[PDB]
$ cat entry-v2.txt   # compact mmCIF, C-alpha atoms and all ligand atoms
# COMPACT_ATOMS: atom_id res chain seq x y z
CA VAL V 29 -16.98 -5.73 22.11
CA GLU V 30 -14.67 -7.65 24.42
CA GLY V 31 -14.16 -7.14 28.14
CA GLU V 32 -10.94 -7.16 30.15
CA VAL V 33 -12.85 -7.88 33.36
CA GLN V 34 -15.11 -10.91 33.88
CA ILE V 35 -17.75 -10.95 36.60
CA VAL V 36 -17.49 -14.53 37.86
CA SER V 37 -19.07 -16.67 40.53
CA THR V 38 -18.83 -20.01 42.30
CA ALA V 39 -21.66 -21.65 44.26
CA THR V 40 -20.49 -19.81 47.35
CA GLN V 41 -19.89 -16.27 46.08
CA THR V 42 -19.23 -13.75 43.30
CA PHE V 43 -16.11 -11.81 42.50
CA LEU V 44 -14.11 -10.63 39.47
CA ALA V 45 -11.29 -11.82 37.23
CA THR V 46 -9.00 -9.69 35.07
CA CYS V 47 -7.31 -10.71 31.84
CA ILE V 48 -3.70 -9.57 31.79
CA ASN V 49 -1.26 -10.85 29.17
CA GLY V 50 -3.49 -13.66 27.90
CA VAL V 51 -4.36 -15.01 31.33
CA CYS V 52 -7.63 -14.57 33.23
CA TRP V 53 -6.47 -13.86 36.81
CA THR V 54 -8.45 -13.84 40.04
CA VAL V 55 -8.12 -14.35 43.79
CA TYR V 56 -7.33 -17.87 45.03
CA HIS V 57 -9.51 -17.18 48.06
CA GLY V 58 -12.47 -16.89 45.72
CA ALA V 59 -11.72 -19.47 43.03
CA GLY V 60 -9.63 -21.91 45.03
CA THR V 61 -8.33 -24.51 42.58
CA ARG V 62 -11.56 -24.69 40.57
CA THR V 63 -11.69 -24.95 36.80
CA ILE V 64 -13.40 -22.24 34.73
CA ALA V 65 -16.45 -23.06 32.61
CA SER V 66 -16.32 -23.07 28.79
CA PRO V 67 -18.59 -24.31 25.91
CA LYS V 68 -16.22 -27.24 25.53
CA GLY V 69 -16.15 -28.04 29.22
CA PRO V 70 -14.11 -27.08 32.31
CA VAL V 71 -10.64 -25.70 31.67
CA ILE V 72 -8.08 -25.98 34.45
CA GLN V 73 -5.97 -23.29 35.99
CA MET V 74 -2.63 -22.51 34.35
CA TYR V 75 -1.30 -20.91 37.52
CA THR V 76 -2.18 -21.49 41.16
CA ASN V 77 -0.27 -19.42 43.67
CA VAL V 78 -1.83 -19.93 47.06
CA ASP V 79 0.82 -17.78 48.73
CA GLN V 80 0.23 -14.73 46.58
CA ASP V 81 -3.53 -15.52 46.56
CA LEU V 82 -3.42 -15.75 42.77
CA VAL V 83 -4.90 -18.19 40.21
CA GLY V 84 -5.00 -17.96 36.44
CA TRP V 85 -6.74 -19.79 33.60
CA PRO V 86 -6.35 -19.20 29.86
CA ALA V 87 -8.29 -16.04 28.92
CA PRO V 88 -11.90 -17.00 27.98
CA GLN V 89 -13.95 -15.90 24.98
CA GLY V 90 -15.34 -12.39 24.81
CA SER V 91 -12.34 -11.11 26.69
CA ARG V 92 -9.41 -8.88 25.79
CA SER V 93 -6.19 -8.41 27.73
CA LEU V 94 -5.11 -5.46 29.77
CA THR V 95 -1.60 -4.05 29.44
CA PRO V 96 0.56 -4.05 32.58
CA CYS V 97 1.57 -0.64 33.93
CA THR V 98 5.08 0.67 33.20
CA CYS V 99 4.78 4.37 34.17
CA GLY V 100 4.93 3.61 37.90
CA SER V 101 2.19 6.06 38.92
CA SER V 102 0.74 6.16 42.44
CA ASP V 103 -2.63 7.44 41.33
CA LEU V 104 -4.57 4.22 40.97
CA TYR V 105 -8.22 3.53 40.16
CA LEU V 106 -10.09 0.50 41.37
CA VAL V 107 -12.88 -0.79 39.11
CA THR V 108 -15.76 -2.52 40.91
CA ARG V 109 -18.13 -5.31 39.86
CA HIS V 110 -20.60 -2.51 39.18
CA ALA V 111 -18.12 -0.79 36.88
CA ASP V 112 -17.59 1.91 39.49
CA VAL V 113 -14.15 3.56 39.42
CA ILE V 114 -12.52 4.43 42.75
CA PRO V 115 -9.36 6.55 42.88
CA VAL V 116 -6.81 5.01 45.23
CA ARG V 117 -3.49 6.40 46.39
CA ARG V 118 -0.76 3.80 46.25
CA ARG V 119 0.84 3.60 49.69
CA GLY V 120 3.13 0.67 49.05
CA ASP V 121 4.14 -2.32 46.97
CA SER V 122 0.74 -3.84 47.55
CA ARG V 123 -1.36 -1.33 49.45
CA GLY V 124 -3.31 1.79 48.61
CA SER V 125 -5.74 4.16 50.32
CA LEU V 126 -9.13 5.15 48.87
CA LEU V 127 -9.21 8.88 48.23
CA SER V 128 -12.73 8.83 49.63
CA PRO V 129 -13.50 5.90 51.96
CA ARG V 130 -16.58 3.94 50.98
CA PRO V 131 -18.87 1.53 52.86
CA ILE V 132 -17.51 -2.02 52.59
CA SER V 133 -20.68 -3.02 50.71
CA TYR V 134 -19.55 -0.79 47.88
CA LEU V 135 -16.38 -2.82 47.32
CA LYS V 136 -18.15 -6.13 47.94
CA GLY V 137 -17.63 -8.64 45.14
CA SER V 138 -14.78 -6.84 43.40
CA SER V 139 -11.78 -8.92 44.45
CA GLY V 140 -9.93 -10.02 41.34
CA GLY V 141 -10.80 -6.67 39.76
CA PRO V 142 -8.07 -4.39 38.36
CA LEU V 143 -6.20 -1.50 39.98
CA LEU V 144 -5.47 0.81 37.01
CA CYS V 145 -2.94 3.62 36.55
CA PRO V 146 -3.75 6.98 34.80
CA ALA V 147 -3.27 5.23 31.44
CA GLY V 148 -5.75 2.48 32.23
CA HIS V 149 -2.92 -0.08 32.50
CA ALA V 150 -2.97 -2.81 35.15
CA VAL V 151 -1.05 -1.94 38.32
CA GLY V 152 -2.37 -4.98 40.17
CA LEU V 153 -5.36 -7.06 41.20
CA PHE V 154 -7.66 -6.07 44.07
CA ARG V 155 -6.94 -8.66 46.79
CA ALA V 156 -9.01 -7.47 49.80
CA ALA V 157 -10.52 -4.33 51.29
CA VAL V 158 -8.92 -2.93 54.47
CA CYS V 159 -11.80 -1.63 56.58
CA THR V 160 -12.42 -0.06 59.94
CA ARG V 161 -15.93 -0.39 61.36
CA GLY V 162 -17.44 -1.29 57.99
CA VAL V 163 -15.67 1.49 56.10
CA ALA V 164 -13.09 0.69 53.43
CA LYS V 165 -10.33 3.27 53.59
CA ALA V 166 -7.69 1.15 51.90
CA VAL V 167 -7.18 -2.01 49.83
CA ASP V 168 -4.68 -4.85 49.52
CA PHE V 169 -3.59 -5.76 45.98
CA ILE V 170 -1.44 -8.22 44.03
CA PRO V 171 1.15 -6.20 42.00
CA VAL V 172 1.28 -7.03 38.26
CA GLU V 173 4.90 -8.07 38.74
CA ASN V 174 3.73 -11.06 40.77
CA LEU V 175 1.57 -12.09 37.84
CA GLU V 176 4.34 -11.37 35.34
CA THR V 177 6.72 -13.47 37.43
CA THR V 178 4.32 -16.38 37.97
CA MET V 179 4.06 -16.69 34.19
CA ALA W 1 -10.86 8.35 36.21
CA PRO W 2 -8.04 6.71 34.18
CA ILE W 3 -7.48 7.28 30.43
CA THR W 4 -9.22 4.56 28.43
CA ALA W 5 -10.10 4.75 24.73
CA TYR W 6 -11.79 2.78 22.00
CA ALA W 7 -11.75 2.86 18.23
CA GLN W 8 -14.58 2.28 15.74
CA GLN W 9 -14.13 2.10 11.97
CA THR W 10 -16.92 4.06 10.30
CA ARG W 11 -15.97 3.63 6.69
CA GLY W 12 -14.27 1.38 4.17
CA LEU W 13 -11.71 1.82 1.41
CA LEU W 14 -14.13 2.23 -1.48
CA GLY W 15 -16.53 4.46 0.47
CA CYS W 16 -13.59 6.54 1.60
CA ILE W 17 -12.49 7.19 -2.00
CA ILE W 18 -15.96 8.18 -3.23
CA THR W 19 -16.32 10.48 -0.22
CA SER W 20 -12.89 11.93 -0.94
CA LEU W 21 -13.98 12.91 -4.47
CA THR W 22 -17.47 14.10 -3.64
CA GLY W 23 -16.40 15.80 -0.43
CA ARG W 24 -19.82 15.01 1.02
CA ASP W 25 -19.75 12.85 4.14
CA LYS W 26 -23.13 12.04 5.61
CA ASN W 27 -21.84 9.74 8.39
CA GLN W 28 -22.53 10.69 12.01
CA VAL W 29 -19.59 11.96 14.00
CA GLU W 30 -18.82 11.04 17.61
CA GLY W 31 -15.61 11.34 19.60
CA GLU W 32 -12.65 13.56 20.38
CA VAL W 33 -10.20 12.03 17.89
CA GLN W 34 -11.09 11.27 14.26
CA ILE W 35 -9.27 8.59 12.25
CA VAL W 36 -8.61 10.31 8.97
CA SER W 37 -7.54 9.43 5.42
CA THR W 38 -6.40 10.71 2.07
CA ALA W 39 -5.78 8.52 -1.00
CA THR W 40 -2.16 8.81 0.13
CA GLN W 41 -2.24 8.10 3.87
CA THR W 42 -4.13 7.63 7.11
CA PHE W 43 -3.49 9.41 10.40
CA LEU W 44 -5.42 11.20 13.17
CA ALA W 45 -7.10 14.56 13.81
CA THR W 46 -7.82 15.81 17.31
CA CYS W 47 -10.63 18.13 18.30
CA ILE W 48 -9.47 20.71 20.82
CA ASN W 49 -11.70 23.65 21.78
CA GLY W 50 -14.09 23.41 18.82
CA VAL W 51 -11.33 22.97 16.25
CA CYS W 52 -10.29 19.70 14.57
CA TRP W 53 -6.48 19.79 14.30
CA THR W 54 -4.04 17.58 12.45
CA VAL W 55 -0.56 17.49 10.91
CA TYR W 56 0.13 19.57 7.81
CA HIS W 57 2.40 16.78 6.58
CA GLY W 58 -0.68 14.61 6.43
CA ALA W 59 -3.63 16.80 5.42
CA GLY W 60 -1.52 19.18 3.40
CA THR W 61 -3.84 21.94 2.32
CA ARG W 62 -6.93 19.73 1.65
CA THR W 63 -10.55 20.33 2.60
CA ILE W 64 -12.30 17.92 4.97
CA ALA W 65 -15.36 16.07 3.69
CA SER W 66 -18.53 16.98 5.56
CA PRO W 67 -22.30 16.53 5.24
CA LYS W 68 -22.52 19.90 3.48
CA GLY W 69 -19.67 19.28 1.07
CA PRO W 70 -15.94 20.10 1.48
CA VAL W 71 -14.89 22.39 4.31
CA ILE W 72 -11.89 24.69 3.93
CA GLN W 73 -9.28 24.75 6.68
CA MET W 74 -9.59 27.48 9.29
CA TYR W 75 -5.89 27.41 10.14
CA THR W 76 -2.86 26.29 8.20
CA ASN W 77 0.67 26.65 9.37
CA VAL W 78 3.22 24.93 7.24
CA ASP W 79 5.88 25.92 9.77
CA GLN W 80 4.09 24.75 12.92
CA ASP W 81 3.10 21.73 10.80
CA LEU W 82 -0.54 22.23 11.72
CA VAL W 83 -3.89 22.58 9.94
CA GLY W 84 -7.31 22.88 11.51
CA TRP W 85 -10.91 22.78 10.31
CA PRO W 86 -14.02 23.54 12.35
CA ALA W 87 -14.70 20.48 14.53
CA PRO W 88 -17.30 18.22 12.87
CA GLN W 89 -20.80 18.44 14.25
CA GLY W 90 -21.08 15.54 16.66
CA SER W 91 -17.47 15.43 17.81
CA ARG W 92 -16.33 16.37 21.35
CA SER W 93 -13.39 18.63 22.03
CA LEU W 94 -10.55 18.17 24.49
CA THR W 95 -9.32 21.21 26.40
CA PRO W 96 -5.67 22.29 26.66
CA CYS W 97 -3.68 21.23 29.71
CA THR W 98 -3.10 23.80 32.44
CA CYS W 99 -1.66 21.62 35.23
CA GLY W 100 1.79 21.63 33.61
CA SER W 101 2.30 17.88 34.09
CA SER W 102 5.36 16.14 32.60
CA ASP W 103 3.81 12.67 32.58
CA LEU W 104 1.95 12.38 29.29
CA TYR W 105 -0.04 9.62 27.59
CA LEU W 106 -0.13 9.28 23.80
CA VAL W 107 -3.36 7.89 22.33
CA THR W 108 -2.59 5.81 19.23
CA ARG W 109 -4.89 5.13 16.24
CA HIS W 110 -5.45 1.70 17.75
CA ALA W 111 -6.89 3.42 20.81
CA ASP W 112 -4.01 2.37 23.03
CA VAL W 113 -2.68 4.89 25.51
CA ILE W 114 1.05 4.73 26.08
CA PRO W 115 3.06 6.64 28.73
CA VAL W 116 5.69 9.16 27.62
CA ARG W 117 7.90 11.29 29.86
CA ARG W 118 8.24 14.91 28.79
CA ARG W 119 11.89 15.73 28.06
CA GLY W 120 11.27 19.20 26.66
CA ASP W 121 8.75 21.41 24.88
CA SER W 122 8.30 19.06 21.94
CA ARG W 123 9.83 15.76 23.05
CA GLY W 124 8.98 12.89 25.34
CA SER W 125 10.41 9.43 25.83
CA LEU W 126 8.41 6.21 25.73
CA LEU W 127 8.52 4.48 29.12
CA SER W 128 8.12 1.38 26.98
CA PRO W 129 9.53 1.69 23.42
CA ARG W 130 7.49 0.14 20.65
CA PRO W 131 8.37 -0.64 17.02
CA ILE W 132 7.55 2.28 14.67
CA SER W 133 5.02 0.10 12.82
CA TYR W 134 2.93 0.41 15.96
CA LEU W 135 2.99 4.21 15.89
CA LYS W 136 2.23 4.27 12.17
CA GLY W 137 -0.98 6.19 11.53
CA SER W 138 -1.02 8.06 14.84
CA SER W 139 0.26 11.46 13.58
CA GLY W 140 -2.16 14.13 14.76
CA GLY W 141 -3.26 12.09 17.77
CA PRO W 142 -3.31 13.64 21.26
CA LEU W 143 -0.74 13.59 24.07
CA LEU W 144 -2.80 13.84 27.25
CA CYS W 145 -1.79 14.86 30.79
CA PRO W 146 -3.02 12.59 33.64
CA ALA W 147 -6.26 14.58 33.80
CA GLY W 148 -7.00 13.99 30.10
CA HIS W 149 -6.23 17.42 28.70
CA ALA W 150 -4.41 18.13 25.48
CA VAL W 151 -0.72 18.76 26.01
CA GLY W 152 0.25 18.19 22.40
CA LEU W 153 -0.33 16.36 19.09
CA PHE W 154 1.89 13.47 17.92
CA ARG W 155 4.09 14.50 14.99
CA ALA W 156 7.06 12.19 14.49
CA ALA W 157 8.82 9.21 16.01
CA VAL W 158 12.37 9.25 17.36
CA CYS W 159 13.55 5.80 16.34
CA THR W 160 16.61 3.72 15.50
CA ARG W 161 16.80 0.14 14.17
CA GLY W 162 13.06 0.39 13.69
CA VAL W 163 12.20 1.04 17.33
CA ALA W 164 10.76 4.30 18.65
CA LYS W 165 12.23 5.43 21.97
CA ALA W 166 10.87 8.99 21.94
CA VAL W 167 8.22 11.05 20.18
CA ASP W 168 8.28 14.50 18.72
CA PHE W 169 5.10 16.48 19.22
CA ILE W 170 3.47 19.83 18.56
CA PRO W 171 2.75 21.39 21.99
CA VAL W 172 -0.77 22.81 22.39
CA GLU W 173 0.91 26.22 22.60
CA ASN W 174 1.67 26.27 18.88
CA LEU W 175 -2.07 25.88 18.25
CA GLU W 176 -2.93 29.19 19.91
CA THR W 177 -0.01 30.83 18.12
CA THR W 178 -1.31 29.40 14.85
CA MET W 179 -4.86 30.64 15.49
CA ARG W 180 -3.35 34.01 16.28
CA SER W 181 -1.54 34.01 12.90
CA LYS N 20 -6.94 17.16 -4.53
CA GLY N 21 -9.45 14.96 -2.74
CA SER N 22 -10.85 15.83 0.67
CA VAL N 23 -9.59 14.35 3.92
CA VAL N 24 -12.11 11.68 4.93
CA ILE N 25 -13.09 10.47 8.42
CA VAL N 26 -12.82 6.67 8.34
CA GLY N 27 -13.15 6.03 12.07
CA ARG N 28 -13.07 7.58 15.54
CA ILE N 29 -11.36 7.12 18.90
CA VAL N 30 -13.53 7.77 21.95
CA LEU N 31 -11.91 8.90 25.18
CA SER N 32 -15.10 9.84 27.05
CA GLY N 33 -16.22 6.26 27.64
CA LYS N 34 -16.17 4.91 31.20
CA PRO N 35 -16.03 1.25 32.36
CA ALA N 36 -19.29 -0.53 31.59
CA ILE N 37 -20.83 -3.94 32.11
CA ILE N 38 -21.36 -5.25 28.58
CA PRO N 39 -25.09 -5.63 28.06
CA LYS N 40 -26.12 -9.11 27.07
CA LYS N 41 -28.20 -9.46 23.90
CA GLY I 21 -17.69 -26.91 40.74
CA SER I 22 -16.38 -24.58 38.04
CA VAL I 23 -16.10 -20.84 38.21
CA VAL I 24 -18.64 -19.47 35.73
CA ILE I 25 -18.57 -16.14 33.93
CA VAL I 26 -21.78 -14.30 34.58
CA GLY I 27 -20.96 -10.96 32.99
CA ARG I 28 -18.23 -8.80 31.48
CA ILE I 29 -16.90 -5.25 31.88
CA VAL I 30 -15.26 -3.22 29.09
CA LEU I 31 -12.96 -0.55 30.57
CA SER I 32 -13.28 1.93 27.67
CA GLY I 33 -17.06 1.90 27.70
CA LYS I 34 -17.11 0.66 24.09
CA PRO I 35 -20.80 0.35 23.10
CA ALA I 36 -22.51 -2.25 20.96
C1 LIG R 201 2.36 10.30 10.88
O1 LIG R 201 2.37 11.34 9.85
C2 LIG R 201 3.79 9.71 11.02
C3 LIG R 201 3.91 8.76 12.22
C4 LIG R 201 5.28 8.04 12.30
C5 LIG R 201 5.59 7.25 13.58
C6 LIG R 201 6.16 6.13 12.70
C7 LIG R 201 5.40 6.73 11.51
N1 LIG R 201 4.81 10.75 11.13
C8 LIG R 201 5.71 10.93 10.18
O2 LIG R 201 5.74 10.26 9.14
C9 LIG R 201 6.74 12.04 10.43
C10 LIG R 201 6.66 13.20 9.50
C11 LIG R 201 7.87 13.09 8.64
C12 LIG R 201 8.84 12.08 9.21
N2 LIG R 201 8.10 11.51 10.35
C13 LIG R 201 8.55 10.62 11.25
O3 LIG R 201 7.86 10.24 12.20
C14 LIG R 201 9.99 10.13 11.09
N3 LIG R 201 10.73 10.62 12.24
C15 LIG R 201 11.36 11.79 12.25
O4 LIG R 201 11.39 12.53 11.26
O5 LIG R 201 11.96 12.01 13.45
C16 LIG R 201 12.62 13.24 13.90
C17 LIG R 201 14.11 12.92 13.97
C18 LIG R 201 12.37 14.51 13.03
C19 LIG R 201 12.17 13.56 15.34
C20 LIG R 201 9.98 8.60 11.06
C21 LIG R 201 11.41 8.06 11.00
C22 LIG R 201 11.48 6.55 10.88
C23 LIG R 201 10.70 6.09 9.66
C24 LIG R 201 9.24 6.57 9.71
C25 LIG R 201 9.18 8.09 9.86
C26 LIG R 201 7.62 14.36 9.45
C27 LIG R 201 8.48 14.63 10.65
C28 LIG R 201 7.16 15.58 8.71
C29 LIG R 201 1.44 9.17 10.36
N4 LIG R 201 1.03 9.21 9.10
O6 LIG R 201 1.12 8.28 11.13
ZN ZN R 202 0.94 3.21 33.90
ZN ZN R 203 -3.06 18.83 32.68

$ encode --input "entry-v2.txt" --output "structure tokens"
Amino acid sequence: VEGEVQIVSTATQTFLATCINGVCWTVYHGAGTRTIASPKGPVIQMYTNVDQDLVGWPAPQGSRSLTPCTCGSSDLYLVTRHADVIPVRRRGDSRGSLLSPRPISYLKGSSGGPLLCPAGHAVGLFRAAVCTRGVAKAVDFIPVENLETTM
Amino acid sequence: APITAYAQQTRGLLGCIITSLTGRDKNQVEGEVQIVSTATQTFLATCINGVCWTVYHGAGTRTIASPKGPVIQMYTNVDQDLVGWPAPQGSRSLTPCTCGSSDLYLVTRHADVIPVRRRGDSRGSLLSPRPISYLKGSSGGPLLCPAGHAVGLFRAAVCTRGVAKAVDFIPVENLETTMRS
Amino acid sequence: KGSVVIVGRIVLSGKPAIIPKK
Amino acid sequence: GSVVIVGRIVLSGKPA
């Protein structure tokens, strides 16, 4: 069994990474320019896009890639580091609103995770939660196109 | 909840043949879609409302191997191109779509779910065309609406130059009509 | 002719899961 | 300091 989502961590914190099209993507604000660990030693990033807050390394072992979305649906689903699925309504190119706001703690550690469409295809990567008084009602995300373009 | 799927091979070539002849399959069943085979070909069979349905052009008039020996088909409709046997003990059934959605998702034998736009009662176009080799073996598989309900069963590919741009399917309506006849 | 034989299955009811480590 | 993989998630729920 291979996973599309890797639960990763630095010395500072924990977050997620998603394998899309042979690349393991995550948030630059979490990984920075760090290398990813492997049994043969540290492997460097293939893509570093500080502006789009995106970094990518070659997909690791035990992983399988996710297919980018091509049906253009607005009914998204955020997957958390706890494997929780959260339906999100796409509000824009890189924004979406949770159908049921959740405490920020619930979305904690999921940046880098995938935003999926009704077919389980990648719509984008969870960039940051947009909260009001500790309640996440929306989320920022990196559209798959950005990834597709960076490659 | 998005549509995700996974496949698991439960039997090999030689075990398949023996089972085909004996008609006695002792393997445990799990799932909504069964990967099925005859000495001739391999395709899919979908369980909807307690009945395991597939394409007549695949199963023909054959029995399905079960733990109690061969099981005769409950429904056969050469015209609707459908056949159905009682769903295997252990399987899980899908339920017909009621939301009338036109955005469907075809589940292939490789457990991939691909988007198709409904262009009529029995047709839908692939948002992303794939070579027909990719769709090979998926006849009898389900076309699901965004909520995961059976809208139809994959029947044939609409291709040219070896690439499928649309799919022809048997709407879940023909199933009820078939059970009624 | 021979019977139709189940040689595999496709499961749609599975939800995202953290792969247990063995 | 490298980013280390501490776990994995399978979207389909595929067991084993
Ligand atoms: C199914 O039984 C297969 C799955 C297809 C997708 C590529 C292989 N279905 C068929 O073989 C059907 C059966 C036979 C002809 N079929 C086709 O899919 C053919 N298309 C077709 O007839 O299209 C129209 C115009 C009627 C919509 C293709 C054509 C290209 C070469 C391959 C066959 C019919 C319709 C009874 C399985 N075993 O996986
Ligand atoms: Zn999609
Ligand atoms: Zn529906």

$ residues_near_ligand --input "entry-v2.txt" --ligand "ligand ZN 202 (chain R)" --cutoff "7 Å" --atoms "all atoms listed in the file" --output "NGL selection string"
(:V and (97-101 or 145-149)) or (:W and (115))

$ write_last_selection --input "entry-v2.txt" --atoms "C-alpha atoms" --output "short mmCIF file (atom, residue, chain, number, x, y, z; two decimals), keeping the file's coordinate frame"
data_model
loop_
_atom_site.label_atom_id
_atom_site.label_comp_id
_atom_site.auth_asym_id
_atom_site.auth_seq_id
_atom_site.Cartn_x
_atom_site.Cartn_y
_atom_site.Cartn_z
CA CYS V 97 1.57 -0.64 33.93
CA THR V 98 5.08 0.67 33.20
CA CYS V 99 4.78 4.37 34.17
CA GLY V 100 4.93 3.61 37.90
CA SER V 101 2.19 6.06 38.92
CA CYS V 145 -2.94 3.62 36.55
CA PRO V 146 -3.75 6.98 34.80
CA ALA V 147 -3.27 5.23 31.44
CA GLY V 148 -5.75 2.48 32.23
CA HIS V 149 -2.92 -0.08 32.50
CA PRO W 115 3.06 6.64 28.73
#

$ residues_around --input "entry-v2.txt" --residues "residue 13 of chain W" --least-positions-apart "4" --cutoff "10 Å" --atoms "only C-alpha atoms" --output "list in words"
residues 17, 18, 19, 37 and 39 of chain W; 26 of chain N

$ closest_atom_pairs --input "entry-v2.txt" --of "chain W" --to "ligand ZN 203 (chain R)" --cutoff "7 Å" --atoms "only C-alpha atoms and all ligand atoms" --output "CSV"
residue,atom,partner,partner_atom,distance
W:97,CA,R:ZN203,ZN,3.9
W:98,CA,R:ZN203,ZN,5.0
W:99,CA,R:ZN203,ZN,4.0
W:100,CA,R:ZN203,ZN,5.7
W:101,CA,R:ZN203,ZN,5.6
W:145,CA,R:ZN203,ZN,4.6
W:146,CA,R:ZN203,ZN,6.3
W:147,CA,R:ZN203,ZN,5.4
W:148,CA,R:ZN203,ZN,6.8
W:149,CA,R:ZN203,ZN,5.3

$ interface_residues --input "entry-v2.txt" --of "chain I" --to "chain V" --cutoff "6 Å" --atoms "only C-alpha atoms" --output "MDAnalysis selection string"
chainID I and resid 22:30

$ residues_near_ligand --input "entry-v2.txt" --ligand "ligand LIG 201 (chain R)" --cutoff "8 Å" --atoms "all atoms listed in the file" --output "list in words"
residues 41, 42, 43, 44, 55, 57, 58, 81, 132, 133, 134, 135, 136, 137, 138, 139, 140, 154, 155, 156, 157, 158, 159, 160, 162, 164, 167 and 168 of chain W

$ closest_residue --input "entry-v2.txt" --among "V:84, V:120, V:50, V:96" --to "chain W" --atoms "only C-alpha atoms"
V:96

$ residues_near_point --input "entry-v2.txt" --point "(-12.7, 10.1, 9.9)" --cutoff "12 Å" --atoms "all atoms listed in the file" --output "PyMOL selection string"
(chain W and resi 7-13+15-16+19-20+25-38+42-47+52+54+64-66+87-88+91+109) or (chain N and resi 22-29)
